[PDB]
Amino acid sequence: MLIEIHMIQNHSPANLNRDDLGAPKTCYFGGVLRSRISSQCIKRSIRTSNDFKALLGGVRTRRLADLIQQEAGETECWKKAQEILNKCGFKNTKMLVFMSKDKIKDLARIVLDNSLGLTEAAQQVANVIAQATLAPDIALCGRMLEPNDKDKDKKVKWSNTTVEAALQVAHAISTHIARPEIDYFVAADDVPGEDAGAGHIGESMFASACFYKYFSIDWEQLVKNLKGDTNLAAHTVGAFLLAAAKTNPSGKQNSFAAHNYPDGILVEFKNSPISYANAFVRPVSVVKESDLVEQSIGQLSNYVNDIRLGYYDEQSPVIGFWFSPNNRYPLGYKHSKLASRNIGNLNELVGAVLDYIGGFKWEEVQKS
Amino acid sequence: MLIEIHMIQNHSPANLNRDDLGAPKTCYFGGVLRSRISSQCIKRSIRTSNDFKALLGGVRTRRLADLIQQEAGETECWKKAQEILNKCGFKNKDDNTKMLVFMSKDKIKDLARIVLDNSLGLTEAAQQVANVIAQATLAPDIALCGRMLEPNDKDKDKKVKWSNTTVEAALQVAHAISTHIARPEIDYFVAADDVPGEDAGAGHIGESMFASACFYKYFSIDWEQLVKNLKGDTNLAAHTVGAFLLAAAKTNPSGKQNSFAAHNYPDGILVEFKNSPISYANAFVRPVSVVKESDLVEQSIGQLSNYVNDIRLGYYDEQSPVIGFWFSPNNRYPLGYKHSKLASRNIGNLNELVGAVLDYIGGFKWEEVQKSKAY
Amino acid sequence: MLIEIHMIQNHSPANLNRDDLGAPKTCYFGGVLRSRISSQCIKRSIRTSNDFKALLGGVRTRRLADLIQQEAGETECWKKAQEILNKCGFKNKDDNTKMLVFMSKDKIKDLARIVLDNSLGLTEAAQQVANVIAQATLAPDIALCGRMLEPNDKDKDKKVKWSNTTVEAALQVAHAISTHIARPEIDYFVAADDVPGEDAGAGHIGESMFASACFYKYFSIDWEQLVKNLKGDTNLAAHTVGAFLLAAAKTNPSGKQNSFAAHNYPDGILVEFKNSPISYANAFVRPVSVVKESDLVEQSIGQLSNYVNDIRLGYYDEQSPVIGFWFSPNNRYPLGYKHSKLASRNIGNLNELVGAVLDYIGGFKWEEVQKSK
Amino acid sequence: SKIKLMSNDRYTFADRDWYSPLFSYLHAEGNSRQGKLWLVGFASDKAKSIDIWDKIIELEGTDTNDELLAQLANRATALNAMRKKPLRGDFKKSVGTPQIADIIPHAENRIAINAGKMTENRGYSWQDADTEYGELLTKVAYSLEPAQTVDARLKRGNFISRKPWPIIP
Amino acid sequence: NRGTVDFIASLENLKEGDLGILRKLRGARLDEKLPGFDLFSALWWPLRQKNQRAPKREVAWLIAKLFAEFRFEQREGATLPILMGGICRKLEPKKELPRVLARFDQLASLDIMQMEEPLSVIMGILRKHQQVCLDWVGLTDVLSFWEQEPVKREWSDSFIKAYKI
DNA sequence: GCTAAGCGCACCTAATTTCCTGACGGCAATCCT
């Protein structure tokens, strides 16, 4: 059971993602340049979204000894935590370690602060770190860790740290040809001078594009990662949908306050993942009539009709919900009456997909 | 609590923001050319405005040694201050440091105490100067704009340690995009030689370029972040919000305004209070085409109202309500004709709009928040 | 204090401003084509007007060497003035000094020749020239329109240093935009040869282009910046404001007036005093359409009155009350037929408007401000 | 024998390393002598039998240039250094350009045919043989800079002149 | 090539008022103003009928608007990346030259219906340096042939060889 | 049932300066004992 999210999002002139030289990320698709948003940026923005504070439960840090020492008002233990981590496998203030926050706090306080042996305490810390995989952000993003076998003692064994990712995020590619733009900025000196020159001169780089975003969630793998607590899985799915719809990457948002909301979301329920980016292999050119979101939605609807009239299974019907704010942009403007449940409310969309998932309502699942 | 100000402002033919070549700043918002005003120009115009004069006190300069000498008086010590700054990690090229310093204006006195102190050495005075500079974040404009200060590590004394010199910005300004198809015109200016001479030609021939556009400006103020960056001064935060509203409405960027006196006030201000930042630029994905019986401003507000109603119906119907105030001058341009109940309050005065905003925030009279200023 | 002038002026079919081709200058406002008169055109027409003649101090000339030369002695132009101005940072491209030198006319020209008359050597007399040029600063039109002189540094010797030459402008002029959709029209001209030495040809045949428009003009004067720029001469600032108000109304742009006479006086002038600037150009986002019973000027003034009422009722009604004066020729056009008291005084004469403006500026009568310069 | 399929941080896999056992054999045991040089190389790391290869090199014994044959004795260092140089960048633990690592083998195989003329340096040298990388570099730079622009062409040209600068040990 | 040289000749024979109505039409299409479409029909339709090698509609409209705006004489061997590129030798190589180079670099990533504005700023840079001649015929047959990669390739390395002299 | 010649300009000038950031972060296994 795969939940598929295809979003069309038009953005104001902004620089959400940049490379080494401070340029917007660009990729070649269909032989032409397309503005790109990295999947890791979208995953971070979803994990640090306002619809995720009640659900965020994982920390990916190398400063683990700081976290373990922070739960101690007077019990100064930082060198011994660093030594037990260094013998655990990390070589230094360490490599990056991902696991839960309450787990590291409580369990590391009751394990490594205890005055006891040294090697088996490191084994206990390693078991605590590896087994702490009960966090839905860890369940979605996925994780595996490999410690340095040189600095680790021969008496420390590690269990399976491989968490299979239940979330696949594509890089948001533009539906049209990329338009890289240069912003010539100065920085005026607040005190006067005899020369009247700026304190600094630079060139920022920004681009405005209509991005196609693609997400895929494996329900069976998600409930395998988070174990039998399916209430938390439904809460994770609803929080993901709300965060993906209502959060933008935190790039240069202070200078480019581009917080536009997506004009179209297709949430489809199928056992095979479909990328609709092939709709936009031919770049979208503007015309006198209609706009870019309308043209992109028309191209996407053409490809959706072609895929449903092409790759189709009688044993597994394809079924999906179409989103538009107050039905502003319909999908099948000419003939493609495929979207059965055009939905004009985000909470209604979340309720519908949660009902298709099973006997879950959004208020009932907002308690795990 | 997050305060969003969405302004529709029709400007006269002007060049408010330009690049290195004198061209007006243009962007491609959806495949077509739009006239752009960068957020730095609007931020400077808001910061250096008469309505924002009282909430100043942030200085961003490479000439901090000049300020220290000016505050110290007739005691010289400019080279001593330059030596202290060079040991701190601010390398001087000729007379100014190589990096810009953002600091509170009231703490320069403290710096003049450290530089003029002849008992202390060079490393300890540098450490005290660094401590004062890193702690000088009590100005409202610094709290709005944020800060970064990373000194030169190579030319830094080893016995100099810096604390956290980073404050998060409590203001987000979007680039003002035009609602229609922008197109600039080439002004063929000439310069007149007043002496007759014999050439009877000209003094200079050049190409200015100008544009007229209807701009959509977006401002986002984080209330709790602004309170936190002012360490709990709620009256100061209300003063900043009110003076920011007055500055955003009443002040224009000062780019070639001597030749293009485009001082047009906004034709519509939607002030919304919500938890998450949302923007209505996607209303103008389709460029506004002018019909004979309507107006560019009227159609711009109509399209904005269509998108606002769509977003409110499909995105903003939960247990947490979104309250917006719509301001037009004497209710000249109302909101969407098909609904006529979109805004929670159709305020017809800027001062009344500011009063209603402050009454929503925590309940704040303009008089008792005007009496609390930082300078 | 800011003095603000909004003018409604309907012009005859003419070509007052034109680009290189000769097409009348046009902008797009509100998505529609508008006739445009540029701000520097209005500024130079005001500067070179008969009413502003008494305060016209300044040159802005790239032939300053000849201005130094104008003594009876002819032994200081080709050698002395050219070399000193070259050392100062202005190169010569066939005996003109390239840079335009905006500076005070009478006293600074008089002081520059005593620098250029013998002794004291080079690289020190150039310092005196730079000192007298950067310190000119004292002229009404320089105070209104600002100043620059940033010389080239490559040719200039390192022994000559420059002071701050920037003078802040106290005057902001907007481009005069039309109140309706512009109609560019093509007059087809034929030049006829007087001598019939061949068949009935003409000579030269071509197109001239012209337009007719109702223009909205906007001027802003900063009183304190004007006072600071003239170094505190308050009577000079008041005289400058009064002469600017007279010259903005009584003087038209000097384009093709020999063949297209458009000496049409403004039939609506709104003068307001306020601490912050506004421009009432958003009234004409909707272009004025002429209905049968009325005229274009009346409808333009009605739209202006509607927008002025809306701005005044929607932006400020207390504290600063914004005192405004409305001038029409013999009250031919009232400022709106709706509820009155939009303007504090409906003045039916231009000189009385000047007197009222100067009275609100601080009680300067028109007679003794004329003796300032 | 420096052969391993494992392209590590410090190693770049090119081809049979005929260049490696040349400084010691042409100095101490055998020296310069008219004949054919048969080299057998059994690359190994502990018990890992990696690869066995052999090669035949013609030789006349026309003296011996010391530092040039020493430079030839370790070509893998210069090859790895050329692989590790990134497109644009300064960091040294990066993989550099992995598309170069698939065209170094063909140019090395083309060079290895005239190994005798390389070794004795009659008309073949380091400069004359590393220009055989040119067409592969052009057609890899076409892939890495797939833009028809001025800057892409200039950066392609900078990618063209990349060649293994020799090192002293 | 026939059909293009006569197009350039007819554009050069246009009078001042006709160039003015083309100048006002700059920045938009030709479906909103009559005399722009009448002029495009008059300057295209008979030359389209007379020759099979007439240029494509939108590139011809773009070149017409740009010639009305800038008015440079037609001269052989004066194409864009020679003149600009010889201009690119007299600038400061570290800051100004990369900025003008990026201005010319932008031209390789537009379609035909927004192409006039980056071309306009490039031709404005040309006008600021007193450039009177441009290979208008060369510009329009390389602009109508924009669908291929080799044409942009020879464009680019023509700029390079103009730079390396 | 609907005309036709001839005539369509070129010269002048196109500008100067100065400022252009810093530090931080760069992973490990596992492919013969």
# chains A, B, ... in the order shown; residues from 1 in each chain; ligands from 1
call {"tool": "interface_residues", "arguments": {"of": "chain D", "to": "chain E", "cutoff": "12 Å", "atoms": "only C-alpha atoms", "output": "list in words"}}
result
residues 142, 146, 147, 148, 149, 150, 151, 152, 153, 154, 155, 156 and 157 of chain D
call {"tool": "write_last_selection", "arguments": {"atoms": "N, CA and C atoms", "output": "PDB file, in the first residue's frame"}}
result
ATOM      1  N   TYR D 142      32.739  17.502 -22.816  1.00  0.00           N
ATOM      2  CA  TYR D 142      31.427  17.699 -23.427  1.00  0.00           C
ATOM      3  C   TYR D 142      30.316  17.213 -22.503  1.00  0.00           C
ATOM      4  N   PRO D 146      27.706  20.364 -20.249  1.00  0.00           N
ATOM      5  CA  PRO D 146      26.785  20.198 -21.378  1.00  0.00           C
ATOM      6  C   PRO D 146      25.993  21.461 -21.687  1.00  0.00           C
ATOM      7  N   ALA D 147      26.678  22.594 -21.710  1.00  0.00           N
ATOM      8  CA  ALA D 147      26.068  23.871 -22.028  1.00  0.00           C
ATOM      9  C   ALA D 147      26.807  24.480 -23.205  1.00  0.00           C
ATOM     10  N   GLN D 148      26.058  25.132 -24.089  1.00  0.00           N
ATOM     11  CA  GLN D 148      26.614  25.747 -25.286  1.00  0.00           C
ATOM     12  C   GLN D 148      27.052  27.181 -25.042  1.00  0.00           C
ATOM     13  N   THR D 149      27.434  27.499 -23.814  1.00  0.00           N
ATOM     14  CA  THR D 149      27.688  28.860 -23.380  1.00  0.00           C
ATOM     15  C   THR D 149      29.173  29.197 -23.447  1.00  0.00           C
ATOM     16  N   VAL D 150      29.467  30.474 -23.198  1.00  0.00           N
ATOM     17  CA  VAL D 150      30.848  30.945 -23.200  1.00  0.00           C
ATOM     18  C   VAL D 150      31.609  30.368 -22.014  1.00  0.00           C
ATOM     19  N   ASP D 151      31.006  30.429 -20.824  1.00  0.00           N
ATOM     20  CA  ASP D 151      31.686  29.972 -19.617  1.00  0.00           C
ATOM     21  C   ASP D 151      31.869  28.461 -19.622  1.00  0.00           C
ATOM     22  N   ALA D 152      30.891  27.726 -20.155  1.00  0.00           N
ATOM     23  CA  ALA D 152      31.040  26.281 -20.286  1.00  0.00           C
ATOM     24  C   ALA D 152      32.166  25.928 -21.249  1.00  0.00           C
ATOM     25  N   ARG D 153      32.304  26.684 -22.342  1.00  0.00           N
ATOM     26  CA  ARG D 153      33.402  26.445 -23.277  1.00  0.00           C
ATOM     27  C   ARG D 153      34.755  26.759 -22.646  1.00  0.00           C
ATOM     28  N   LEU D 154      34.844  27.856 -21.886  1.00  0.00           N
ATOM     29  CA  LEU D 154      36.102  28.199 -21.225  1.00  0.00           C
ATOM     30  C   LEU D 154      36.476  27.168 -20.163  1.00  0.00           C
ATOM     31  N   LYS D 155      35.496  26.702 -19.388  1.00  0.00           N
ATOM     32  CA  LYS D 155      35.776  25.686 -18.382  1.00  0.00           C
ATOM     33  C   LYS D 155      36.072  24.333 -19.019  1.00  0.00           C
ATOM     34  N   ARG D 156      35.476  24.050 -20.180  1.00  0.00           N
ATOM     35  CA  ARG D 156      35.856  22.872 -20.950  1.00  0.00           C
ATOM     36  C   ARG D 156      37.304  22.960 -21.408  1.00  0.00           C
ATOM     37  N   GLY D 157      37.722  24.137 -21.878  1.00  0.00           N
ATOM     38  CA  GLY D 157      39.106  24.314 -22.286  1.00  0.00           C
ATOM     39  C   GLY D 157      40.076  24.171 -21.131  1.00  0.00           C
TER      40      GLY D 157
END
call {"tool": "residues_around", "arguments": {"residues": "residue 47 of chain E", "least_positions_apart": "3", "cutoff": "10 Å", "atoms": "only C-alpha atoms (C1' of nucleotides)", "output": "number ranges by chain"}}
result
E: 3-4, 6-7, 10, 41-44, 50-55
call {"tool": "select_by_dssp", "arguments": {"residues": "segment 1-153 of chain D", "states": "alpha helix (DSSP H)", "output": "ChimeraX atom specification"}}
result
/D:66-73,75-84,104-111,115-120,126-129,134-144,150-153
call {"tool": "interface_residues", "arguments": {"of": "chain A", "to": "chain E", "cutoff": "10 Å", "atoms": "only C-alpha atoms", "output": "list in words"}}
result
residues 32, 33, 177, 178, 179, 180, 181, 182, 184, 201, 202, 203, 285, 286, 287 and 288 of chain A
call {"tool": "write_last_selection", "arguments": {"atoms": "N, CA and C atoms", "output": "mmCIF file, in the first residue's frame"}}
result
data_model
loop_
_atom_site.group_PDB
_atom_site.id
_atom_site.type_symbol
_atom_site.label_atom_id
_atom_site.label_comp_id
_atom_site.auth_asym_id
_atom_site.auth_seq_id
_atom_site.Cartn_x
_atom_site.Cartn_y
_atom_site.Cartn_z
ATOM 1 N N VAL A 32 16.994 20.044 -21.071
ATOM 2 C CA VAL A 32 16.967 21.460 -20.737
ATOM 3 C C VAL A 32 17.215 21.639 -19.246
ATOM 4 N N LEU A 33 17.636 22.852 -18.897
ATOM 5 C CA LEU A 33 17.928 23.203 -17.515
ATOM 6 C C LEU A 33 16.636 23.401 -16.731
ATOM 7 N N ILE A 177 11.566 25.764 -18.280
ATOM 8 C CA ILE A 177 13.012 25.908 -18.386
ATOM 9 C C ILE A 177 13.516 26.822 -17.276
ATOM 10 N N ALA A 178 14.670 26.474 -16.712
ATOM 11 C CA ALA A 178 15.201 27.199 -15.566
ATOM 12 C C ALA A 178 15.584 28.619 -15.951
ATOM 13 N N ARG A 179 15.327 29.551 -15.042
ATOM 14 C CA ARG A 179 15.573 30.970 -15.270
ATOM 15 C C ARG A 179 16.460 31.470 -14.139
ATOM 16 N N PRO A 180 17.771 31.264 -14.241
ATOM 17 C CA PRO A 180 18.673 31.781 -13.205
ATOM 18 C C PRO A 180 18.810 33.291 -13.323
ATOM 19 N N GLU A 181 18.682 33.974 -12.189
ATOM 20 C CA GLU A 181 18.707 35.426 -12.140
ATOM 21 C C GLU A 181 19.711 35.888 -11.094
ATOM 22 N N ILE A 182 20.296 37.055 -11.349
ATOM 23 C CA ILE A 182 21.353 37.622 -10.519
ATOM 24 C C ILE A 182 20.814 38.869 -9.831
ATOM 25 N N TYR A 184 22.104 42.036 -7.714
ATOM 26 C CA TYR A 184 23.286 42.822 -7.381
ATOM 27 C C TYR A 184 23.009 43.592 -6.095
ATOM 28 N N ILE A 201 29.928 44.574 -1.613
ATOM 29 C CA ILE A 201 29.238 44.401 -2.885
ATOM 30 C C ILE A 201 29.224 42.917 -3.212
ATOM 31 N N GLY A 202 28.058 42.397 -3.583
ATOM 32 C CA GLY A 202 27.980 40.999 -3.935
ATOM 33 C C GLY A 202 26.862 40.725 -4.914
ATOM 34 N N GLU A 203 26.816 39.476 -5.365
ATOM 35 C CA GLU A 203 25.789 39.000 -6.279
ATOM 36 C C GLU A 203 25.138 37.768 -5.675
ATOM 37 N N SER A 285 5.637 26.343 -21.933
ATOM 38 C CA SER A 285 5.759 27.700 -22.440
ATOM 39 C C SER A 285 4.483 28.465 -22.130
ATOM 40 N N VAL A 286 4.635 29.733 -21.784
ATOM 41 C CA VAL A 286 3.483 30.557 -21.449
ATOM 42 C C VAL A 286 2.757 30.934 -22.730
ATOM 43 N N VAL A 287 1.458 31.185 -22.612
ATOM 44 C CA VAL A 287 0.641 31.647 -23.721
ATOM 45 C C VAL A 287 -0.206 32.811 -23.224
ATOM 46 N N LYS A 288 -0.904 33.456 -24.160
ATOM 47 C CA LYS A 288 -1.726 34.610 -23.809
ATOM 48 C C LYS A 288 -2.872 34.213 -22.886
#
call {"tool": "closest_atom_pairs", "arguments": {"of": "chain C", "to": "chain A", "cutoff": "9 Å", "atoms": "only C-alpha atoms", "output": "tab-separated table"}}
result
residue	atom	partner	partner_atom	distance
C:162	CA	A:194	CA	8.8
C:163	CA	A:194	CA	7.0
C:164	CA	A:194	CA	5.6
C:165	CA	A:194	CA	8.9
call {"tool": "atom_distance", "arguments": {"atom1": "atom CA of residue 116 of chain D", "atom2": "atom CA of residue 39 of chain D"}}
result
12.6 Å
call {"tool": "closest_atom_pairs", "arguments": {"of": "chain A", "to": "chain D", "cutoff": "12 Å", "atoms": "only C-alpha atoms", "output": "CSV"}}
result
residue,atom,partner,partner_atom,distance
A:19,CA,D:88,CA,11.8
A:20,CA,D:89,CA,9.0
A:21,CA,D:88,CA,9.9
A:27,CA,D:146,CA,11.0
A:28,CA,D:146,CA,9.0
A:31,CA,D:146,CA,9.4
A:32,CA,D:147,CA,9.5
A:33,CA,D:147,CA,9.3
call {"tool": "residues_around", "arguments": {"residues": "segment 339-348 of chain A", "least_positions_apart": "4", "cutoff": "8 Å", "atoms": "only C-alpha atoms (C1' of nucleotides)", "output": "count of residues only"}}
result
19
call {"tool": "select_by_dssp", "arguments": {"residues": "segment 38-165 of chain D", "states": "strand (DSSP E or B)", "output": "ChimeraX atom specification"}}
result
/D:38-45,48-59
call {"tool": "interface_residues", "arguments": {"of": "chain E", "to": "chain B", "cutoff": "12 Å", "atoms": "only C-alpha atoms", "output": "VMD selection string"}}
result
chain E and resid 23 to 29 32 69 to 70 95 to 96 99 to 100 103 110 to 118 120 to 130
call {"tool": "residues_around", "arguments": {"residues": "residue 23 of chain F", "least_positions_apart": "2", "cutoff": "9 Å", "atoms": "only C-alpha atoms (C1' of nucleotides)", "output": "count of residues only"}}
result
4
call {"tool": "residues_around", "arguments": {"residues": "residue 110 of chain C", "least_positions_apart": "5", "cutoff": "10 Å", "atoms": "only C-alpha atoms (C1' of nucleotides)", "output": "list in words"}}
result
residues 67, 68, 105 and 115 of chain C
call {"tool": "write_last_selection", "arguments": {"atoms": "N, CA and C atoms", "output": "CSV table (one decimal), in the first residue's frame"}}
result
chain,number,residue,atom,x,y,z
C,67,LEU,N,35.2,79.8,-19.4
C,67,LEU,CA,34.6,80.7,-18.4
C,67,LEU,C,35.7,81.3,-17.5
C,68,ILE,N,36.8,80.6,-17.2
C,68,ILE,CA,38.0,81.2,-16.6
C,68,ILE,C,38.6,82.2,-17.6
C,105,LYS,N,27.8,80.4,-9.6
C,105,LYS,CA,28.3,81.2,-10.8
C,105,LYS,C,29.2,82.3,-10.4
C,115,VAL,N,43.2,82.3,-8.8
C,115,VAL,CA,44.0,81.1,-8.7
C,115,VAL,C,44.8,81.0,-10.0
